[PDB]
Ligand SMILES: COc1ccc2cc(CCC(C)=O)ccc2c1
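Okay, here we've got a single chain as structure tokens, the form solved without the ligand, with questions on binding and movement later.
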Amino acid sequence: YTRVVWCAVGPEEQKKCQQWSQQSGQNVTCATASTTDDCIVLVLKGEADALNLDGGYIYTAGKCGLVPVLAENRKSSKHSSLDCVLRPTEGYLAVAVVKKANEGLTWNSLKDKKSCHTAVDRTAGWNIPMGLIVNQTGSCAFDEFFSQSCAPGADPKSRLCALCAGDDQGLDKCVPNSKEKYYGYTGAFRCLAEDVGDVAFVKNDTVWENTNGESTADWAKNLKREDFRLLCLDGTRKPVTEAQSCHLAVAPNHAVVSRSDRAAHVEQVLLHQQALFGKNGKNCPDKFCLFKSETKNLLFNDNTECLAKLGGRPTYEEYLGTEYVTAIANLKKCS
């Protein structure tokens, strides 16, 4: 009656959830679904208690009455006097990335090129990019802007899924979970790295974590950051070291959500779970680390230092902020 049911998206998150369940003495248990939208439904039905979501999905969950509980907090320099759990969140930088060799490609010449997105409905991979393009274009034909793309969650027969590759066997092409090879931050960057796409819409941190030896993964071993460039909104190109002056927007951190009637209880359990399996936690290297999954960002982003309390007991609109909320509303008017 005090246990929390986590919702895992796909086979791989399920496996990691099972491990966390095991080490937690079943204080945390697992439900699995094929997509993030399905996990939201399980939560609404009361069959699952919570899951960690990107801002775009927090908008979906919010309209159905779910609420933000704790947020991911990564390592920062400016508010260092405070402990991580009480520290305000910074947000992450949504960027557009391309290969240096693809000279001449800028924000103003993206039309008819190939694109890589984390997934439809997500912040850096979809909502920010497509919202900007719709506006600048005065057209809701965002499905006709790029020639081909990999945008998990779109119609598998459409050009928005033309570049997705599915799993080991070619199955599940374009599904919005980690079985799709080019899903998420890591998948979209891989889509660019292997030159399947011309541009990838991810966040500043993804570039760094997958270049100059930070990943050991087969496809990323030899990637150097100097071989990449960020596309700035003023039509210019810059090194990935200038993200603070060349980003598409700053995004609200991913956060854990749950039904409001279950928030207090989910918050309590999670705080104890991270004291055990978090970054400096009692059991981390030794038995289990909640925030690691070999660059796959399973359940949580691998660069998470801790889950932080929110303060001001924000509604979902307050958490996302009015700038971002109006952006999504406007883009949704199209769909």
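The term rigid core refers to the most C-alpha atoms you can superpose between the two forms while keeping them within 1.5 Å. Note that residue numbering follows the sequence shown and begins at 1.
Student: I'd like to know which segment deviates more from the shown structure in 9 other deposited structures of this protein: 227 to 235 or 71 to 79, using C-alpha RMS over all structures and residues after a core fit.
Tutor: Between 227 to 235 and 71 to 79, greater C-alpha deviation in 9 other deposited structures of this protein belongs to 71 to 79.
Student: For a rigid core alignment of each structure in 9 other deposited structures of this protein onto the shown form, which stretch has the higher root mean square Cα deviation: 293 to 301 or 39 to 47?
Tutor: It is 293 to 301 whose C-alphas lie farther from the shown form in 9 other deposited structures of this protein.
Student: For the higher mean C-alpha B factor in the entry, choose 136 to 144 or 245 to 253.
Tutor: The entry gives the higher C-alpha B-factor average to 136 to 144.
Student: Averaged over C-alpha atoms, is the B-factor higher for 162 to 170 or for 215 to 223 in this PDB entry?
Tutor: It is 215 to 223 that shows the higher mean C-alpha B-factor.
Student: So among 278, 46, 65, 55, who wins on Cα B-factor in the entry?
Tutor: By C-alpha B-factor in the record, 278 ranks first.
Student: Highest Cα temperature factor in the entry, among the options 203, 259, 179, 79: which one is it?
Tutor: That would be 79.
Student: Taking the C-alpha B-factors as the PDB entry records them, is residue 30 in the lowest, middle or highest third of its chain?
Tutor: Answer is middle: the recorded C-alpha B-factor places it there.
Student: In terms of the CA temperature factor given in the entry, to which third of its chain does residue 9 belong: lowest, middle or highest?
Tutor: CA B-factor rank for residue 9: lowest third.
Student: Among the modelled residues of its chain, does the C-alpha B-factor of residue 232 lie in the lowest, middle or highest third?
Tutor: Middle third - that is where residue 232 ends up once the chain's C-alpha B-factors are sorted.
Student: Sorting the chain's modelled residues by C-alpha B-factor, tell me whether residue 131 ends up in the lowest, middle or highest third.
Tutor: Tercile = middle for this residue's CA B-factor.
Student: Is the Cα B-factor recorded for residue 106 in the lowest, middle or highest third of its chain?
Tutor: Middle third.
Below: the form deposited with the ligand bound, not depicted.
Student: Taking the pose of the ligand in the entry with it bound and superimposing the site C-alphas, would you call this form open or blocked (blocked if 3 or more ligand atoms are within 2.4 Å of a backbone or C-beta atom)?
Tutor: Output flag = open.
Student: Would the ligand be touched by all three of 89, 253 and 320 in the entry with it bound, meaning a heavy atom each within 4.5 Å?
Tutor: All of them do, each having a heavy atom within 4.5 Å of the partner.
Student: To test your reading of this chain, name the stretch in 194 to 202, 166 to 174, 89 to 97, 109 to 117 whose heavy atoms come within 4.5 Å of the ligand in the entry with it bound.
Tutor: Stretch 89 to 97 is the one.
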